[PDB]
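Report on one structure; see the data block that follows.
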Amino acid sequence: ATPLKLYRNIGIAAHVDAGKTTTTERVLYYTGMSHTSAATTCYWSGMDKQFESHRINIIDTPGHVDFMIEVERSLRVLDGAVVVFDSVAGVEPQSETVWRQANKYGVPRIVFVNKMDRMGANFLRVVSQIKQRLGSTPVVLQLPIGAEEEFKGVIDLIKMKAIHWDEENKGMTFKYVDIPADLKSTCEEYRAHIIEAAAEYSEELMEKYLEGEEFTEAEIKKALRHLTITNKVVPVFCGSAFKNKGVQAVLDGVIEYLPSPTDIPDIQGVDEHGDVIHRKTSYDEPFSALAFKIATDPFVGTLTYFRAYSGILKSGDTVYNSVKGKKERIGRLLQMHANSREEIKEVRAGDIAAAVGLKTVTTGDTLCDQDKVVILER
Ligand SMILES: OC[C@H]1O[C@@H](O)[C@H](O)[C@@H](O)[C@@H]1O
Ligand code: NA
């Protein structure tokens, strides 16, 4: 039983030339080696095994922006987003459309500027587009070591260490080395911007910042986490998914800066008589879930993917489809992994799973406790 705080429900929002496919495949690979489905579960304990094992649910966010109801729905199903931009093209209209919806729903996010090895790659230009065009406050947490043909890795500005990923094992191991002499002053300039952003978190840190006292790494990360979750800043990372130089550090960022289910506000809906109500992120609350994808499997038949917001659902329970006005009995429950499919007997608040063989459910339907009815969408 994984506690709620170790969950990370995320979406990888990437369009056009950003490299969504390769980024997603690298995520599943690194997580799989450490120890397309509508939602895939994986585990991550950090690039250097420095964290507890977190359970990451990757929700497939539509690569298209043609079906906007689906984009909005995917943003309520995930809790945090990893937005990927192409280092050459930068911010383009399709990612801009999604970013405005993320803002409308208050979705915290981190950014990964991919393709740092491509001709024309310009990291800081993308960063200025985020600030100027998207109207967010990026906080740069890494600088690339070179660009184009000369791209060798990235620098972690909080730790002030260059990261060298081993070529031979496709980036499964790495080493922290000294920042190259020629980049040291620029790294210090950018690190100061991180302290400045973190200082806004509390009066204690503001005092330390104004007086010139040193921040500890834990203080910095605590502040950046809160600021990210409350949509005040957007941490920015960079690298290359294909070259196996970057996604590993982005995964650490998912853990360190993106929300667990308890970090975001309680979901809002209406009862059957139009009264506004909420469902708390708790096992003690009545069950509620939103169905977000209906897929046909050749082996077991239909798979109904849903996000549970509250309560606990067990195989054999009778629930209510509050949109159709019909009771549904839950049979088998599954969770998809990169290369396997795991049978489970219950799904708790904050998790995502697929129900086998349901009859009444279509996308957007709410499944809930028969006695305490809620409609989460329309
Ligand atoms: O230890 C890595 C991270 O784990 C998360 O579950 C905590 O909420 C963070 O404060 C911490 O930085
Ligand atoms: Na959300």
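Here chain A follows Swiss-Prot for its numbers: 2-36, 62-404, in order, are the residues you see.
From the backbone N, Cα and C atoms, a Cβ is placed for every residue, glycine too.
Residues or ranges marked as GTP binding site in Swiss-Prot: 15-22, 86-90, 140-143.
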| request: Find, among the binding-site residues listed as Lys21, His90, the one whose Cβ has the highest number of other Cβ atoms within 10 Å in the structure shown. | output: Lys21
| request: For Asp18 (GTP binding site), write down the residues of its own chain that are at least 6 apart in sequence and whose Cβ falls under 8 Å from its Cβ; none is a fine answer. | output: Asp112, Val114, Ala115, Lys141
| Which residues does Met142 (GTP binding site) neighbour through Cβ under 8 Å, counting only same-chain ones at least six apart? | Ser113, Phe149, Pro170, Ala173, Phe177, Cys264, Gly265, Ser266, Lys271, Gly272
| Which residues, sitting 6 or more apart from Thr87 (GTP binding site) on the same chain, put a CB under 8 Å from its CB? | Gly12, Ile13, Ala14, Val97, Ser100, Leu101, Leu104, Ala107, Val124
| Interval bridged by 25 absent residues [Cα of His36 to Cα of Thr62, Å] | 22
| field | Cβ neighbour count (within 10 Å, all chains shown) around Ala15 (GTP binding site) | value | 27
